[PDB]
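A.B. asks: The structure's right below; bear with me while I get my questions together.
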Amino acid sequence: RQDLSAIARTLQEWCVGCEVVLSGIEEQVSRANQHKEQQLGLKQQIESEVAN
Amino acid sequence: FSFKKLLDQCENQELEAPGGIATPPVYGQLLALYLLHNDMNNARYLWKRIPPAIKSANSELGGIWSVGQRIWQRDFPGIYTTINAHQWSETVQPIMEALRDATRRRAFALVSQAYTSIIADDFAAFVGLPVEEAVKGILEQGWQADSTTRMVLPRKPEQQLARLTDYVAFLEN
Amino acid sequence: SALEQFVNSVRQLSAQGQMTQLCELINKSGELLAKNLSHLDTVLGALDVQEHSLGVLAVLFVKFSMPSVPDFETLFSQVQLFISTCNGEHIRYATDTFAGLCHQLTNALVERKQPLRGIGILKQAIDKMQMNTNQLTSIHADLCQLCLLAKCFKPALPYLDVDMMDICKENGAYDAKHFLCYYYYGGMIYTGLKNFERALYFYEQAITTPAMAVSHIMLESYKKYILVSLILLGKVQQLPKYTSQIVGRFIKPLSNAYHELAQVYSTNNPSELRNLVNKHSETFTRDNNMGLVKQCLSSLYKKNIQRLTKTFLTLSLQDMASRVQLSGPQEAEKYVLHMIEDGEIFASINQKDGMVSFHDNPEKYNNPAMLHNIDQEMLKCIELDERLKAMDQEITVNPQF
Amino acid sequence: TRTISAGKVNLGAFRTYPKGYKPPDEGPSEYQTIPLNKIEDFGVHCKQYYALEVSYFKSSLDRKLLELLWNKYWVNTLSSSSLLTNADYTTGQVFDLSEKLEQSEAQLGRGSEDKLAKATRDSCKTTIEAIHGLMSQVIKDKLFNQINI
Amino acid sequence: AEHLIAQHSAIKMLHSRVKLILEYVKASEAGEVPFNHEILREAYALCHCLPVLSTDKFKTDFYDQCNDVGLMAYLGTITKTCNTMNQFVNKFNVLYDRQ
Amino acid sequence: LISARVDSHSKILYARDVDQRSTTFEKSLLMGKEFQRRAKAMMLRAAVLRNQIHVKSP
């Protein structure tokens with residue numbers, strides 16, 4: 001109970017780490033779908049050129 | 001440390017200011033700064049560009065080119081002789097002291113990985129220091145030392161997910 | 001009465017939807033343009049000096065007769081401000097005389113004294129001419145010619161580093177030798193800096209270029225190209241199959257003394273090799289590439305020792321001295337140090353006994369060290385895919401089948 | 001083996017047609033890497049049948065149990081490691097990939113329609129997995145190793 | 001999206017658990033929330049028992065794997081470049097070139 | 001096929017075997033770097049022919 005903060009702080013760094021990754025996933029997940037919607041949109045522009 | 005940002009300024013003033021030929025102290029620093037960042041090819045062709053006018057008048061510039069000879073020749077004791085010779089204060093004397101230090105740790109990081117065993121006298125001259133200071137300098141490091149034969153024995157010396165996700169989405173299309 | 005009229009015709013076309021009639025004013029000129037155009041260039045800098053300055057400057061440097069009297073400082077400071085921050089925009093659509101502006105400015109400065117300022121000016125001349133990913137214009141060829149002769153290879157490297165696709169023509173404005181010049185000079189540029197890899201690749205692209213006749217650059221690039229591969233490697237680098245037919249038929253046996261060099265090289269005999277260089281000392285020194293031929297003399301000594309790694313793992317200095325032919329344990333210990341210091345071989349020395357130990361071991365691919373290089377080397381292949389994908393979409397819009 | 005490496009249920013449900021009557025037109029059929037040793041056998045009899053639209057269901061108890069189960073099953077997700085588990089699929093697919101290129105290389109030369117377009121898709125397919133594997137690995141290195149004492 | 005969905009809401013469970021323990025840790029020392037020796041004890045272990053492998057050997061092996069996977073990506077990317085190249089080559093060597 | 005090095009100090013012959021790992025890595029870098037080098041070349045080669053670049057004779 002002297003160093004109960006020495007136990008608490010080590011726990012916080014892991015709680016921080018949990019957020020570090022959680023948000024880190026959601027960025028990379030939303031970007032991997034965005035790069036798929038980047039190409040799917042850009043490949044519709046390549047095909048519509050042929051209509052001329 | 002800051003010699004990098006300052007060398008940039010010298011090289012610019014070569015083509016910037018003059019109709020062709022830069023200032024005589026600007027030539028004195030460009031030659032010595034190339035030696036500081038071990039660029040002997042740049043130091044060689046710089047010397048051959050100087051007009052014979054500034055060459056003859058500015059005789060201290062010859063004292064800096066005499067250093068470059070020894071770096072090309074790799075006569076390491078000759079380097080430290082030629083560094084301790086010409087006092088060109090304000091302009092060059094600050095970069096001459098930094099030159100001797102870069103050549104020293106080059107020859108230490110070299111000798112350490114190039115020799116399992118080596119003569120103390122050679123080792124002394126190759127780094128520049130005398131016999132005692134060399135024998136001491138290494139004993140601090142924890143290098144093995146040998147009496148009688150005089151043989152120093154050198155000891156040999158999101159971020160990640162963002163990168164990955166790209167290589168997926170790239171190959172994925 | 002006529003020369004003071006069409007100074008207004010340039011300004012009237014300027015700031016309009018079309019300046020395609022200005023493409024006929026700069027081409028006409030009137031041939032015999034009087035001394036009077038010096039005046040007309042002062043009451044001019046309105047929007048940004050227009051393409052008027054280009055029509056004027058083209059005639060000045062193509063006098064080939066008294067540049068502008070010995071006031072060529074007036075003639076340079078004239079071109080100095082035009083090339084700097086005036087630039088314009090439609091320089092792209094008039095490279096007819098703009099390519100020629102940089103050619104004549106060069107040709108003069110070469111034979112004059114030295115272009116050390118002349119290099120600095122020619123840099124910005126490229127930048128609003130080429131648009132995006134660098135485009136191989138004739139100015140690149142000259143920029144090298146200046147900074148080759150003016151012993152200052154530093155500033156041209158920014159452009160030599162990028163392997164620019166797409167040849168900038170525009171009103172023709174490109175010559176069948178200004179391709180050879182860039183990659184010939186460039187090759188030599190890196191040769192002095194001792195970037196032999198890039199040096200070889202440059203000379204290579206010179207030899208490829210198609211040619212119904214034997215041009216004179218192609219013979220020299222080949223001779224030095226021979227020396228580069230014999231220092232970089234220990235052998236002859238073969239060319240592409242698409243090299244010009246005039247090369248293997250004529251140019252190759254014309255540079256015979258350099259193949260004759262490789263003849264002895266593969267035998268690994270420096271003493272014999274040296275006796276060949278002394279015979280054709282003339283032929284080699286005639287081409288001002290002696291020294292580079294002597295760099296091969298040293299690379300053979302370094303090849304000789306490079307082989308030992310594959311056979312022996314512990315060898316004496318004396319043994320090495322006797323086997324490498326250098327004689328004396330110092331000369332042996334010498335190149336050991338240098339090769340190590342440089343990083344051509346993995347070895348070390350035990351002076352106490354007087355032995356050379358061959359580490360023979362670099363890296364185990366077990367750390368970020370590779371991981372980073374793996375990341376970087378890969379990104380350069382993806383960079384390469386990006387280009388090809390754009391280059392594939394370039395073909396999309398053009399005619400049918 | 002691929003259910004694992006691909007990281008999701010690799011499954012199929014099919015029904016064959018009569019020997020006499022032959023199928024209608026409407027048929028996209030999605031591409032999967034077929035090893036060349038087998039590509040022939042598939043290729044012949046592949047058009048003789050038709051697949052079935054798969055769907056997955058569950059009971060109330062099953063659904064309620066799996067939710068109560070997940071209290072302690074998240075641990076297995078972050079000590080998963082699909083690498084030494086199915087090591088002998090990915091190491092094998094290379095052998096398959098190498099052959100598919102070998103063909104299309106000589107196809108360009110002298111001499112089934114552009115077998116580099118397949119091989120390109122296979123090189124991605126197999127490597128896409130290999131990369132996805134190292135995603136869950138670094139995810140773990142981030143988590144459990146980097147706390148300090 | 002179809003891969004990291006697993007980790008996303010799985011680690012959500014990890015964060016849910018790890019945080020709610022630390023909520024008890026702060027409130028126990030703060031007081032009023034019942035102080036307990038035989039629960040807080042296991043927490044002292046739990047948190048220092050972390051540094052889950054920082055052994056010189058382990059990480060070498062971890063990087064050993066990464067480099068292997070990396071090699072596979074380098075070769076895989078060359079393949080895609082090689083196809084995208086030949087996609088461009090044929091379209092150039094027919095429209096531009098006369099076979 | 002004598003895959004073995006020479007220790008001429010103590011005059012011994014040791015067998016020298018291959019680091020499998022090193023091998024496949026090593027060459028993959030180098031091959032890829034070769035592929036990159038030719039890609040540079042055939043990009044310029046696409047350009048020179050596109051511009052009809054050649055030195056004529058007569």
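Residue names in the structure tokens use chain letters A, B, ... in the order shown, residue numbers from 1 in each chain, and ligand numbers from 1 in the order shown.
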Taking only chain D into account, list the residues labelled helix (DSSP H, G or I) by DSSP (computed from the backbone), as a PyMOL selection string.
C.D. replies: chain D and resi 2-7+36-48+60-77+87-108+115-145
A.B. asks: Could you list, as a PDB file with N, CA and C atoms, in the first residue's frame, every residue within 12 Å of residue 57 in chain E, counting only C-alpha atoms and ignoring same-chain residues fewer than 6 positions away?
C.D. replies:
```pdb
ATOM      1  N   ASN C 366      18.846 -10.862 -39.586  1.00  0.00           N
ATOM      2  CA  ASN C 366      18.180 -11.190 -38.323  1.00  0.00           C
ATOM      3  C   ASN C 366      17.754  -9.964 -37.509  1.00  0.00           C
ATOM      4  N   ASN C 367      17.668  -8.810 -38.164  1.00  0.00           N
ATOM      5  CA  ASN C 367      17.474  -7.547 -37.461  1.00  0.00           C
ATOM      6  C   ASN C 367      16.724  -6.525 -38.314  1.00  0.00           C
TER       7      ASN C 367
ATOM      8  N   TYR E  63      12.581 -11.148 -35.166  1.00  0.00           N
ATOM      9  CA  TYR E  63      13.086 -10.465 -36.360  1.00  0.00           C
ATOM     10  C   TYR E  63      13.473 -11.455 -37.456  1.00  0.00           C
ATOM     11  N   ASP E  64      13.995 -12.619 -37.064  1.00  0.00           N
ATOM     12  CA  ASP E  64      14.272 -13.706 -38.016  1.00  0.00           C
ATOM     13  C   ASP E  64      13.034 -14.006 -38.865  1.00  0.00           C
TER      14      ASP E  64
END
```
A.B. asks: May I ask you to extract the residues of chain C within 9 Å of chain A, using only C-alpha atoms, and to give them as a list in words?
C.D. replies: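 Per the criterion, chain C yields residues 393, 396 and 397 of chain C.
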A.B. asks: Only N, CA, C and O atoms, please: the residues just picked out, written as a CSV table (one decimal), in the first residue's frame.
C.D. replies:
```csv
chain,number,residue,atom,x,y,z
C,393,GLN,N,-1.5,3.6,-68.6
C,393,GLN,CA,-2.7,4.5,-68.7
C,393,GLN,C,-2.4,5.6,-69.8
C,393,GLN,O,-3.4,6.1,-70.4
C,396,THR,N,-3.8,4.3,-73.1
C,396,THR,CA,-5.2,4.2,-73.1
C,396,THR,C,-5.9,5.1,-74.1
C,396,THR,O,-6.8,4.6,-74.9
C,397,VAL,N,-5.5,6.3,-74.2
C,397,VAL,CA,-6.3,7.4,-74.9
C,397,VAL,C,-6.1,7.4,-76.5
C,397,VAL,O,-6.9,7.8,-77.2
```
A.B. asks: So, with only C-alpha atoms as the atoms that count, which of A:23, A:44, A:5, A:10 lies closest to chain D?
C.D. replies: A:10
A.B. asks: Under the rule of at most 8 Å, produce a per-residue listing of chain F near chain C: chain, number, name, the closest pair of atoms, and the distance in Å, as JSON lines, using only C-alpha atoms.
C.D. replies:
```
{"residue": "F:4", "atom": "CA", "partner": "C:311", "partner_atom": "CA", "distance": 7.4}
{"residue": "F:5", "atom": "CA", "partner": "C:311", "partner_atom": "CA", "distance": 5.1}
{"residue": "F:6", "atom": "CA", "partner": "C:312", "partner_atom": "CA", "distance": 4.1}
{"residue": "F:7", "atom": "CA", "partner": "C:314", "partner_atom": "CA", "distance": 4.6}
{"residue": "F:8", "atom": "CA", "partner": "C:315", "partner_atom": "CA", "distance": 5.5}
{"residue": "F:9", "atom": "CA", "partner": "C:314", "partner_atom": "CA", "distance": 6.1}
{"residue": "F:21", "atom": "CA", "partner": "C:364", "partner_atom": "CA", "distance": 7.8}
{"residue": "F:22", "atom": "CA", "partner": "C:364", "partner_atom": "CA", "distance": 6.2}
{"residue": "F:25", "atom": "CA", "partner": "C:365", "partner_atom": "CA", "distance": 7.6}
{"residue": "F:36", "atom": "CA", "partner": "C:381", "partner_atom": "CA", "distance": 7.0}
{"residue": "F:39", "atom": "CA", "partner": "C:384", "partner_atom": "CA", "distance": 7.8}
{"residue": "F:40", "atom": "CA", "partner": "C:163", "partner_atom": "CA", "distance": 6.9}
{"residue": "F:41", "atom": "CA", "partner": "C:205", "partner_atom": "CA", "distance": 7.4}
{"residue": "F:43", "atom": "CA", "partner": "C:165", "partner_atom": "CA", "distance": 6.3}
{"residue": "F:44", "atom": "CA", "partner": "C:165", "partner_atom": "CA", "distance": 5.3}
{"residue": "F:47", "atom": "CA", "partner": "C:166", "partner_atom": "CA", "distance": 5.2}
{"residue": "F:48", "atom": "CA", "partner": "C:167", "partner_atom": "CA", "distance": 7.1}
{"residue": "F:51", "atom": "CA", "partner": "C:167", "partner_atom": "CA", "distance": 6.7}
{"residue": "F:53", "atom": "CA", "partner": "C:176", "partner_atom": "CA", "distance": 5.9}
{"residue": "F:54", "atom": "CA", "partner": "C:210", "partner_atom": "CA", "distance": 4.8}
{"residue": "F:55", "atom": "CA", "partner": "C:211", "partner_atom": "CA", "distance": 4.3}
{"residue": "F:56", "atom": "CA", "partner": "C:212", "partner_atom": "CA", "distance": 4.9}
{"residue": "F:57", "atom": "CA", "partner": "C:213", "partner_atom": "CA", "distance": 4.4}
```
A.B. asks: Please, could you write that set of residues out with C-alpha atoms as a PDB file, in the first residue's frame?
C.D. replies:
```
ATOM      1  CA  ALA F   4      36.202 -26.797 -47.876  1.00  0.00           C
ATOM      2  CA  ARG F   5      38.559 -24.000 -46.810  1.00  0.00           C
ATOM      3  CA  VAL F   6      42.265 -24.106 -45.916  1.00  0.00           C
ATOM      4  CA  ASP F   7      43.858 -23.255 -42.552  1.00  0.00           C
ATOM      5  CA  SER F   8      47.499 -22.869 -43.602  1.00  0.00           C
ATOM      6  CA  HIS F   9      48.559 -21.734 -40.094  1.00  0.00           C
ATOM      7  CA  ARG F  21      19.230 -18.793 -45.073  1.00  0.00           C
ATOM      8  CA  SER F  22      21.971 -16.387 -46.158  1.00  0.00           C
ATOM      9  CA  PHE F  25      18.210 -13.830 -48.991  1.00  0.00           C
ATOM     10  CA  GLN F  36      15.455  -2.788 -61.192  1.00  0.00           C
ATOM     11  CA  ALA F  39      13.677  -1.620 -65.744  1.00  0.00           C
ATOM     12  CA  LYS F  40      15.594   1.678 -65.769  1.00  0.00           C
ATOM     13  CA  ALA F  41      17.105   0.695 -69.125  1.00  0.00           C
ATOM     14  CA  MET F  43      12.131   2.696 -69.632  1.00  0.00           C
ATOM     15  CA  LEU F  44      14.732   4.850 -71.414  1.00  0.00           C
ATOM     16  CA  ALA F  47      11.652   6.687 -74.698  1.00  0.00           C
ATOM     17  CA  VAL F  48      14.420   6.680 -77.372  1.00  0.00           C
ATOM     18  CA  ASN F  51      11.281   9.781 -80.127  1.00  0.00           C
ATOM     19  CA  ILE F  53      16.428   8.734 -81.774  1.00  0.00           C
ATOM     20  CA  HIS F  54      19.326   7.573 -83.998  1.00  0.00           C
ATOM     21  CA  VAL F  55      22.522   8.858 -85.683  1.00  0.00           C
ATOM     22  CA  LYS F  56      22.129   8.505 -89.480  1.00  0.00           C
ATOM     23  CA  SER F  57      24.939   7.758 -91.972  1.00  0.00           C
TER      24      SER F  57
END
```
A.B. asks: Using only C-alpha atoms, pick whichever of D:88, D:114, D:41, D:25 has the shortest atom-to-atom distance to chain E.
C.D. replies: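 Using only C-alpha atoms, the shortest distance to chain E belongs to D:114.
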A.B. asks: Specify as a ChimeraX atom specification all residues of chain D found within 8 Å of chain B, counting only C-alpha atoms.
C.D. replies: /D:124,128,131-132,135,138
A.B. asks: Keeping N, CA and C atoms for every residue in the selection just given, could you write it to a file as a PDB file, in the first residue's frame?
C.D. replies:
```pdb
ATOM      1  N   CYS D 124       0.100 -12.693 -55.152  1.00  0.00           N
ATOM      2  CA  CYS D 124      -0.596 -11.839 -54.191  1.00  0.00           C
ATOM      3  C   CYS D 124      -1.340 -12.699 -53.172  1.00  0.00           C
ATOM      4  N   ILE D 128      -0.312 -12.164 -49.603  1.00  0.00           N
ATOM      5  CA  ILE D 128      -1.352 -11.470 -48.825  1.00  0.00           C
ATOM      6  C   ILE D 128      -1.551 -12.159 -47.473  1.00  0.00           C
ATOM      7  N   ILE D 131       1.624 -11.810 -45.171  1.00  0.00           N
ATOM      8  CA  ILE D 131       1.679 -10.474 -44.581  1.00  0.00           C
ATOM      9  C   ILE D 131       0.673 -10.361 -43.442  1.00  0.00           C
ATOM     10  N   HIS D 132      -0.573 -10.741 -43.720  1.00  0.00           N
ATOM     11  CA  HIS D 132      -1.628 -10.779 -42.707  1.00  0.00           C
ATOM     12  C   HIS D 132      -1.182 -11.525 -41.459  1.00  0.00           C
ATOM     13  N   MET D 135       0.928  -9.229 -39.393  1.00  0.00           N
ATOM     14  CA  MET D 135       0.112  -8.206 -38.741  1.00  0.00           C
ATOM     15  C   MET D 135      -0.212  -8.602 -37.299  1.00  0.00           C
ATOM     16  N   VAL D 138       3.090  -8.520 -34.939  1.00  0.00           N
ATOM     17  CA  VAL D 138       3.518  -7.199 -34.466  1.00  0.00           C
ATOM     18  C   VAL D 138       2.485  -6.637 -33.486  1.00  0.00           C
TER      19      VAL D 138
END
```
A.B. asks: Which neighbours of range 154-160 of chain C fall inside 9 Å, counting only C-alpha atoms, when residues of the same chain fewer than 2 positions from it are skipped, and could you give them as an mmCIF file with N, CA and C atoms, in the first residue's frame?
C.D. replies:
```cif
data_model
loop_
_atom_site.group_PDB
_atom_site.id
_atom_site.type_symbol
_atom_site.label_atom_id
_atom_site.label_comp_id
_atom_site.auth_asym_id
_atom_site.auth_seq_id
_atom_site.Cartn_x
_atom_site.Cartn_y
_atom_site.Cartn_z
ATOM 1 N N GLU B 11 29.764 25.873 -50.356
ATOM 2 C CA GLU B 11 29.612 25.310 -51.701
ATOM 3 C C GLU B 11 28.728 26.172 -52.591
ATOM 4 N N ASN B 42 36.216 14.705 -54.072
ATOM 5 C CA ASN B 42 35.824 16.117 -54.085
ATOM 6 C C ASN B 42 36.981 17.049 -53.736
ATOM 7 N N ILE C 119 27.401 27.103 -64.903
ATOM 8 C CA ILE C 119 26.685 25.919 -64.425
ATOM 9 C C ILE C 119 25.440 26.336 -63.647
ATOM 10 N N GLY C 120 25.619 27.263 -62.707
ATOM 11 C CA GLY C 120 24.527 27.756 -61.866
ATOM 12 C C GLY C 120 23.337 28.293 -62.644
ATOM 13 N N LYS C 123 21.140 25.406 -64.561
ATOM 14 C CA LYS C 123 20.273 24.575 -63.718
ATOM 15 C C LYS C 123 18.806 24.980 -63.840
ATOM 16 N N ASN C 134 11.254 14.852 -64.465
ATOM 17 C CA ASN C 134 12.433 15.082 -65.295
ATOM 18 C C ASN C 134 12.265 14.536 -66.715
ATOM 19 N N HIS C 140 20.474 19.105 -70.422
ATOM 20 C CA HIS C 140 21.156 18.145 -69.554
ATOM 21 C C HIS C 140 22.519 17.769 -70.111
ATOM 22 N N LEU C 143 24.782 20.947 -69.512
ATOM 23 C CA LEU C 143 25.046 21.119 -68.078
ATOM 24 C C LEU C 143 26.213 20.251 -67.610
ATOM 25 N N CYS C 144 26.301 19.042 -68.159
ATOM 26 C CA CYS C 144 27.410 18.138 -67.884
ATOM 27 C C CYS C 144 28.705 18.628 -68.530
ATOM 28 N N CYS C 147 30.128 21.434 -66.356
ATOM 29 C CA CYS C 147 30.615 20.996 -65.046
ATOM 30 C C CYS C 147 31.624 19.844 -65.126
ATOM 31 N N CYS C 152 33.962 20.722 -61.399
ATOM 32 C CA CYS C 152 32.980 20.855 -60.326
ATOM 33 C C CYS C 152 31.751 20.018 -60.664
ATOM 34 N N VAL C 162 18.402 11.036 -61.096
ATOM 35 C CA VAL C 162 17.139 10.568 -61.664
ATOM 36 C C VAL C 162 17.368 10.082 -63.101
ATOM 37 N N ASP C 163 16.894 8.874 -63.406
ATOM 38 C CA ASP C 163 16.941 8.342 -64.774
ATOM 39 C C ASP C 163 15.683 8.762 -65.529
ATOM 40 N N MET C 164 15.680 10.026 -65.934
ATOM 41 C CA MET C 164 14.560 10.651 -66.633
ATOM 42 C C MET C 164 14.115 9.898 -67.891
ATOM 43 N N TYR C 182 24.949 13.480 -72.869
ATOM 44 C CA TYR C 182 24.519 13.347 -71.474
ATOM 45 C C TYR C 182 25.073 12.068 -70.846
ATOM 46 N N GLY C 186 28.023 12.151 -68.325
ATOM 47 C CA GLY C 186 27.545 11.604 -67.058
ATOM 48 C C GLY C 186 28.359 10.414 -66.596
ATOM 49 N N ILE C 189 31.564 11.677 -65.462
ATOM 50 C CA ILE C 189 31.325 12.403 -64.215
ATOM 51 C C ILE C 189 31.406 11.467 -63.015
ATOM 52 N N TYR C 190 30.634 10.388 -63.056
ATOM 53 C CA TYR C 190 30.647 9.403 -61.978
ATOM 54 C C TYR C 190 31.970 8.637 -61.910
#
```
A.B. asks: Counting only C-alpha atoms, which residues of chain A come no farther than 7 Å from chain E, as a CSV table (one decimal) with N, CA, C and O atoms, in the first residue's frame?
C.D. replies:
```
chain,number,residue,atom,x,y,z
A,4,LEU,N,1.4,1.4,-4.1
A,4,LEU,CA,0.2,0.9,-4.8
A,4,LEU,C,0.1,1.7,-6.1
A,4,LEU,O,-0.5,1.2,-7.1
A,7,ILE,N,2.1,-0.1,-8.8
A,7,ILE,CA,1.3,-1.1,-9.5
A,7,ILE,C,0.3,-0.4,-10.4
A,7,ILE,O,0.1,-0.9,-11.6
A,8,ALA,N,-0.3,0.7,-10.0
A,8,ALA,CA,-1.3,1.4,-10.9
A,8,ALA,C,-0.7,2.0,-12.2
A,8,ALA,O,-1.3,1.9,-13.2
A,10,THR,N,2.0,1.1,-14.0
A,10,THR,CA,2.3,0.0,-14.9
A,10,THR,C,1.0,-0.5,-15.6
A,10,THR,O,1.1,-0.9,-16.8
A,11,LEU,N,-0.1,-0.5,-14.9
A,11,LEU,CA,-1.4,-0.8,-15.4
A,11,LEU,C,-1.9,0.2,-16.4
A,11,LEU,O,-2.5,-0.2,-17.4
A,15,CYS,N,-3.1,0.0,-20.4
A,15,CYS,CA,-4.4,0.6,-20.8
A,15,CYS,C,-4.2,1.6,-22.0
A,15,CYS,O,-5.0,1.7,-22.9
A,18,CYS,N,-3.4,-0.5,-25.0
A,18,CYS,CA,-4.6,-1.0,-25.6
A,18,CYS,C,-5.3,0.0,-26.6
A,18,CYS,O,-5.7,-0.4,-27.6
A,22,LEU,N,-5.8,-0.2,-30.6
A,22,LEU,CA,-7.2,-0.2,-31.0
A,22,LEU,C,-7.5,0.9,-32.0
A,22,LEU,O,-8.1,0.6,-33.1
A,25,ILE,N,-5.5,0.2,-35.3
A,25,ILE,CA,-6.2,-0.7,-36.2
A,25,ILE,C,-7.2,0.1,-37.0
A,25,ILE,O,-7.2,0.0,-38.2
A,29,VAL,N,-7.6,-0.1,-40.9
A,29,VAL,CA,-8.7,-0.8,-41.4
A,29,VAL,C,-9.5,0.1,-42.4
A,29,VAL,O,-9.9,-0.3,-43.5
A,33,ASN,N,-9.7,-0.2,-46.7
A,33,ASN,CA,-10.9,0.0,-47.5
A,33,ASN,C,-10.9,1.2,-48.4
A,33,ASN,O,-11.6,1.2,-49.4
```
A.B. asks: At a cut-off of 9 Å, using only C-alpha atoms, what residues contact residue 340 in chain C? Leave out same-chain residues fewer than 6 positions from it and give the result as a count of residues only.
C.D. replies: 6
A.B. asks: Here is a test: counting only C-alpha atoms, which residue of A:28, A:12, A:39, A:34 is nearest to residue 159 in chain B?
C.D. replies: A:28
A.B. asks: Give as a list in words every residue of chain E that touches chain F within 8 Å, counting only C-alpha atoms.
C.D. replies: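 Applying the cut-off to the listed atoms yields residues 71, 75, 78 and 96 of chain E.
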A.B. asks: Would you put the residues from that selection into a file with C-alpha atoms, as a PDB file, in the first residue's frame?
C.D. replies:
```pdb
ATOM      1  CA  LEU E  71      11.648 -11.606 -48.411  1.00  0.00           C
ATOM      2  CA  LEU E  75       9.531 -11.319 -54.375  1.00  0.00           C
ATOM      3  CA  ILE E  78       8.499  -7.955 -58.106  1.00  0.00           C
ATOM      4  CA  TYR E  96       3.485   1.982 -80.966  1.00  0.00           C
TER       5      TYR E  96
END
```
A.B. asks: Taking only C-alpha atoms into account and nothing else, which residues of chain E lie no more than 7 Å away from chain D? Please answer as a count of residues only.
C.D. replies: 17
A.B. asks: CA of residue 136 in chain B to CA of residue 156 in chain B: how many Å, to one decimal?
C.D. replies: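 A separation of 17.5 Å between them.
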A.B. asks: Please identify every residue of chain E that has at least one atom no more than 9 Å from any atom of chain C, counting only C-alpha atoms, and report them as a ChimeraX atom specification.
C.D. replies: /E:59-68,70-71,73-75,77-78,80-82,84-85,87-89,91-92,95-96
